[PDB]
Structure formats: C-alpha cells, structure tokens
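Student:
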Amino acid sequence: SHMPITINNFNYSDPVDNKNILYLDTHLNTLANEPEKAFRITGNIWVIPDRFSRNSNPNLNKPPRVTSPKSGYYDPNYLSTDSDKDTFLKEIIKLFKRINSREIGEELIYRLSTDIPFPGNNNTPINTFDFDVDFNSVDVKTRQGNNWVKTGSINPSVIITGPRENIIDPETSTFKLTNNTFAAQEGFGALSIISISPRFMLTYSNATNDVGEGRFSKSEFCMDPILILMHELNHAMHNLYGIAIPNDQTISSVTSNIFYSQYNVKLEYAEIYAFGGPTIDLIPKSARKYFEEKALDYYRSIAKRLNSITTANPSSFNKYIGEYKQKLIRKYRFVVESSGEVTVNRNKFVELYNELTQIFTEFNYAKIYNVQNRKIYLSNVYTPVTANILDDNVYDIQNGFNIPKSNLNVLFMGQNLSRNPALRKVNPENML
Ligand SMILES: [Ca+2]
Ligand code: NA
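Residue numbering for the sequence shown is -2 to -1, 1 to 430, as defined by the entry's author numbering.
(1) Shortest alpha-carbon distance to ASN53 belongs to which of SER404, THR159, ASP246, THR28?
(2) Whole angstroms is fine: what's the gap from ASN345's alpha carbon to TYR21's?
(3) Looking only at its own chain, which residues have a Cβ that is under 7 Å from the Cβ of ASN125, when we skip the five neighbours before and after it?
(4) Below 8 Å on the Cβ atoms is my contact criterion, and I expect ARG162 with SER193 to pass it. Report the Cβ-Cβ distance as a whole number of Å.
(5) On the DSSP bridge assignment, give the partners of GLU266 in chain order.
(6) Do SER155 and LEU189 count as a contact pair if the criterion is CB distance below 8 Å?
(7) What are the partner residues of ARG38, as DSSP defines its beta bridges?
(8) Classify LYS92 as buried or exposed, calling it buried when 16 or more other Cβ atoms lie within 10 Å of its own Cβ.
(9) Would you mind sorting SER66 into buried or exposed? The rule is 16 or more other CB atoms within 10 Å of its CB.
(10) Count the CB pairs spanning the segment 136 to 151 and the segment 312 to 319 that are closer than 8 Å, and state whether there are at least three.
(11) Bridge partners of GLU169, per DSSP?
(12) Which whole runs of the beta strand (DSSP E) in the segment 204 to 253 are 3 residues long or more, in chain order?
(13) Classify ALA36 as buried or exposed, calling it buried when 16 or more other Cβ atoms lie within 10 Å of its own Cβ.
(14) Could you check how far apart the C-beta atoms of residue 433 and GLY160 are, in whole angstroms? I think they sit under 8 Å.
(15) For the segment 69 to 132, which segments carrying the beta strand (DSSP E) assignment without a break, of at least 3 residues, lie completely within its bounds, in sequence order?
(16) Should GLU163 be counted as a contact of ligand 2 given a C-beta to heavy atom distance under 7 Å?
(17) On a Cα-Cα basis, can you pick out the residue from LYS174, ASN57, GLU269, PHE129 that is closest to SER314?
(18) Helix, strand or coil: how does DSSP classify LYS139 here?
(19) When you measure from the CB of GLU169 to every non-hydrogen atom of ligand 2, does any distance come out below 7 Å?
(20) Indicate, with yes or no, if ligand 1 has a heavy atom lying under 7 Å from the CB of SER151.
(21) Any chance the CB of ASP128 is under 7 Å from a heavy atom of ligand 1?
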C-alpha cells in the first residue's frame, strides 16, 4: 500500500473544492433529481451519503405486501436530512479508519483506491482504451444560475452510498448498457456502487468464537460494522479485478430469521467468496476451477488488448496510453517480455486469484481484527441492533465495541447484546 493510506475527514457542509468534494451525476440513482454531493474517502473511492435506488418511481416506504422471508427494515426518512447525511458520512469515514488500522485492511483500501477497471468492455475495440465505457465515468456538475451544468467527469472505482429500499440489505452492483455484458465478470472490471448502512448490525448466535456457552444458553452477538462493510468491499474487489461470478451461479440452501423458520434461499457463489472460510467448499471444486480458468482466459484477452492499444476515448487520453498501459500491467500483475510484449504468468495469476477470493474474505477479517462474527454467511439472524458508533465510548478505531476501558474487552462482550447496553434493537415499527 506503498505510500501510506490516509482517510479524508469531512463535514457534509464542507464546501466543494473541485478535488475531494464535488457534485456528481451518476445517471443511476432514480431517487436523485439533481446532482449529489460526493466526498473522496481516498484515491478513487468516493461516498455519496444519499439513499440509492435502481427502481423506476422509487418508494422507500415499508411495502404493504410481504415478499420476504428475507428480513427487511424500512424508513423513508433515513438520510433525508443533511444532519442525517453528515452522521452517515462520518460513520463511513470512521469505519474506513478502523479498517485501515490493520495491514490487510490497509491493503484492501490501497487496492480499491488505486487500481482501476480496464477502460473498456466486451464491445470495446481491441486497440482502444475507453474511459467513458458503460457507467465508469461520472459527470461532475456545478450550479449555474438555477440549473446544473456539466464541467467534467471523474472515474471512481468504488462509490459508497446510503441504503436502497431495504436498509438492512447491503447491495454492491456494477452497471452496463443494455446491449453489453458485465465487464466485471470479464477481466475488465468496472465501477462498483455499494449501498449500505453499517450501523444497522445483523445479529446471530452461531458464531466463530466459542465463549464457553455451548452447554448453557448462547448469547446473541452483533456483527462489527467494519465486517458488514468489508464484506461488500470484497464484492468490489471481485468487480474491480474482473473476476465477479454471475449471480445465477448458486447453491440451494436454507436459513432462518426472526419472522420465518428455516426457508429456502439460492446462495450466490459471489457471496460465498465474499464470506470465505470453509464455506468455499460448498462450491464444487470443478466449478471453482472453472471460474478461475475463465478469469485467466479473460486476463489473457486483456494482455492481448494491452499489446494493441493505439487509440483512446476521449482523444485527450491518447497521449497517456503508455501511462495507463503501465498501470493496468501492474494491476493484473502481467509480465513484460524483453521484447516489450505483455504476457500472463500463470503462477502470478494463481497467487492473485487466491488473494482476491480466499484471503480478502470476511471470515479472514474476523480473525485478523479479533472480533466475534457469524460462523457462516447463512447463520440464523435475530433482531438487528444499532448504536452510536461515532461515540468513542461506544465504538473506537482500535477495538470497536470491545473497549477495555468499558471493561467490554473480555470474550467479545462489547458485541454481546446481553452485556453491552450501548447496543439497542432497531425500531420494531419499521421491521418487515
Ligand atoms: Ca459517463
Ligand atoms: Na447483498
């Protein structure tokens, strides 16, 4: 993470500086009627503290019908006020600082904020770098009179936004034009948008760390907000490096929550990798190998493109083709022959692929950050809880909820619902 990562600090009210604070138009948020104020966390990672939706005629109100069994929490007013956005913004910032407190987290942030999606998709000519492909380029706008006019654009690799309709259903996605295929699943990679609210914590009893309650009554624990966020950052990693597995690749399983006893769910392989651990073995070995080989082929195709670039879009990028060729070579860890030809080194690929799918995983983070966490992705869940994580007496960068000062550092008591009064169940009125 070669040059030490530092997280920027912001107040939602801080003025636009045309550098780290700008108004953007992603052309993707159906809830947005005008440009959205955005803040640069670090490098190419931005945050827009607004609710986000992809549904036409979006509605954030609690649904009358009850699809489910998936647990849901709805509040049409969450993040509606600037005061709300300021708190959300500061929460995301604080979580990034905590993530950045451990080596693996610093590297995770370094990669997501430094490496970029290959500029192009399946339909990009072999000799072209297209920095405007699909939704990779976001418009920068400024108010002129009573209107908003485009003054330029930026290429974020990851944009964090507030939740979509279901506040307790974090969602990471990439986007494409109708006639294209997902570049995130084809080696190129693409811009990711993560809609989430880490302070709304999932609760569970089937945990990774034994706290000696097996023969008695097991306590309910909350997920540390950084793992909820890091789980999605893992999806962003897969998307950035173009190794995302299509969501139609699933394994039929079961799980349960507060309102519904054991029910069926199509567990996505994408989620299995984001979680990590032994769970990865749920994916047939032959299938795991298939996706890895498919990725390698897409990588070989990328190297081929790099040996053919002669033009760029927009034209202003033509003079920087060499610079970006070099950046992409470093991203994919390709090798440059004495002849200057770019080639793929399988040993390097295998190492990278393994890092992206088995080291940068929620399961691994739980151990590294020494926090209690669900034992499996489908651990049964209870009523979600929340807390004032900006209050260092409740949650700090070094120990999260397990603060020694509060005497909550033993057996993950800070995460134990029955031992930490700072943890409170979310409004039952908004649950579904
Ligand atoms: Ca664009
Ligand atoms: Na999700």
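Beta carbons are placed, not taken as given, at the ideal position from N, Cα and C, and that holds for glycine.
Tutor: Let's see:
(1) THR28
(2) 43 Å
(3) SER306, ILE307, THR308, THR309
(4) 5 Å
(5) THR248
(6) yes
(7) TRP44
(8) buried
(9) exposed
(10) no
(11) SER193
(12) 248 to 253
(13) buried
(14) No answer is possible for residue 433: it lies beyond the span of the chain, which begins at -2 and ends at 430.
(15) 126 to 128
(16) no
(17) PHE129
(18) strand
(19) yes
(20) yes
(21) no
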